[PDB]
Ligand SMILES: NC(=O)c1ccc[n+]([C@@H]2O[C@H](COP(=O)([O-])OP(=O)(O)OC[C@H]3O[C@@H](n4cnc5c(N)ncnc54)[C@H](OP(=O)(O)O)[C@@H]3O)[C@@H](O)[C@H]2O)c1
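Below sits a lone chain in C-alpha cells, taken as the form deposited without this ligand.
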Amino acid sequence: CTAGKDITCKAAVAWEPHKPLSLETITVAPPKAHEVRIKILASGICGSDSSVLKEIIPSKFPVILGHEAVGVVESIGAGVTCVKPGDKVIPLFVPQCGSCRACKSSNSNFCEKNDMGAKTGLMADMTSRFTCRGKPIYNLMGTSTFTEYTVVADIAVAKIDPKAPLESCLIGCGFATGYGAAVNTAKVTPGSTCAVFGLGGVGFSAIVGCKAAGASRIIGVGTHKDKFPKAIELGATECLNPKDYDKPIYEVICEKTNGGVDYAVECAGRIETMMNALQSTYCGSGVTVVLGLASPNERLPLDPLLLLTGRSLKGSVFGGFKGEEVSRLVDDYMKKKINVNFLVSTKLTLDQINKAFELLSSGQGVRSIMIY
C-alpha cells in the first residue's frame, strides 16, 4: 500500500512560462489534515492551462498545471469524511466550503476559499505536497492534474458514480463551464435564439447547453471552418466565420435574427469577440455571458448606451455550478442525456501532453484528454 507514504510518479512540470512543459519524476507527499490524495485516471487540457503558460493568467513557477480530471482516492488525511479510498472523484478548482457567503447563497458558486484571487499555489498551510529535484512545486487552483497523483483539500473533491467513464473528466471544467454558461448564467429559454463565439471545448459545451435548454436557433461563430460540421452535429443550426465577412459580424447576426439573438456566450476571452458578442444581442433584452479572460490588464471599451436599452452583461466561473452538482452531471452523462464523450477529439498519454497544447495553439479539434 502507499497510504502514509511519499509517492514518486510522473508529472508535467512548467519550470517557466512560454516553454514546453517538462516531463519529470516527482514526489507527492501524503495528505495532511482535511486533504485527499488522488490517483488521476484521466485529465483534460484546457485553454486556461495554455493561458498560464503564456502568462495571460498570473501564476507562480515552477507549477504543475491541469484542473480537468477524474480519478480515484488513494488515501485520506485526518478528519476527512466526505470520501474514502476507492471512491471515484473529480477535483474542484472552485471549492465548496459550505459556510461562506457564496456557499450559503443559492445564486453563487464562488466559494471564498478559492485560490484564483490569492494565487498562493500552495495548500492551506502554505506548504507544497509536490517535490521535484529538491524543489517545492506549486499547484494550480488547489488541483493540478498533469500528474499521476495529486493532493487537494477535502472541500475540493466531488464524489461521482464508481462506473463513470474517463471522458467524464471534461465535466471538471470545460463542459461544466460552457454547458453551465448557457443553462445557469445566461439561462437560455425554450424557443430562444443563441450565438456562441469561440468553438473550443467550452464553446461546444455551450452549444450543447443551448440545445439542452431548448433554443430554436444556435449560431456557432468561429474562424476554423473545419469545426463547423461538428458544431452542427452537436446542436448548432448554423455557423459563421467572421473572416469571410467584410461587414461586422454583429451586423451580420442582427440582420439574420430580427435585431439580434436573445443570448450570446463568448468563449474566446478576446476583447474584440466580447464586444462582437454583446452587439450581436437584441438591444431590448439580449443577454451576454463572458467566460474567458483577456491579457493581463486589457479593458473592454464599453459604451453604457449599449446596456441602457435593456441588455445584460454577465460572467461566471465553472458554469455557475456548485461542487455538490457535479455528480448529477455525471449521472445525466451516463443516462445519455448529454454526450460529453462526443467532445473528446484526441486521446493521449502524459508523455504527449505537449501535442495537446500544439493542437490548441493551432486552433483545431474539440478537446484532448490524457489517459494515465
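Sequential numbering from 1, following the sequence displayed. Here, rigid core means the biggest group of C-alpha atoms that superpose within 1.5 Å across both forms. Residues that one form lacks are left out of the comparison.
Although not depicted, the form deposited with this ligand bound is the subject of the following passage.
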query	finding
The unique member of 180, 260, 142, 269 whose heavy atoms fall within 4.5 Å of this ligand in the deposited complex	269
Contact residue in the deposited complex, from 92, 199, 207, 215 (heavy atom within 4.5 Å of this ligand)	199
Non-hydrogen atom within 4.5 angstroms of this ligand in the deposited complex for each of 46, 223 and 360	yes
Exercise: residue 173 in contact with this ligand in the deposited complex, heavy atom 4.5 Å	yes
Partner proximity in the deposited complex: residue 321 to this ligand, non-hydrogen atom cutoff 4.5 Å	no
Touches this ligand in the deposited complex: residue 317 (any heavy atom, 4.5 Å)	yes
Close approach of residue 129 to this ligand in the deposited complex, 4.5 Å, heavy atom	no
Candidate stretches 129-137, 247-255, 290-298, 71-79 - the one whose heavy atoms come within 4.5 Å of this ligand in the deposited complex	290-298
Sole member of 362, 22, 25, 352 with a C-alpha shift of at least 2 Å between this form and the one not shown (core-superposed)	362
Moved residue ranges in sequence order between this form and the one not shown, Cα 2 Å or more, at least 3 long, core fit	361-364
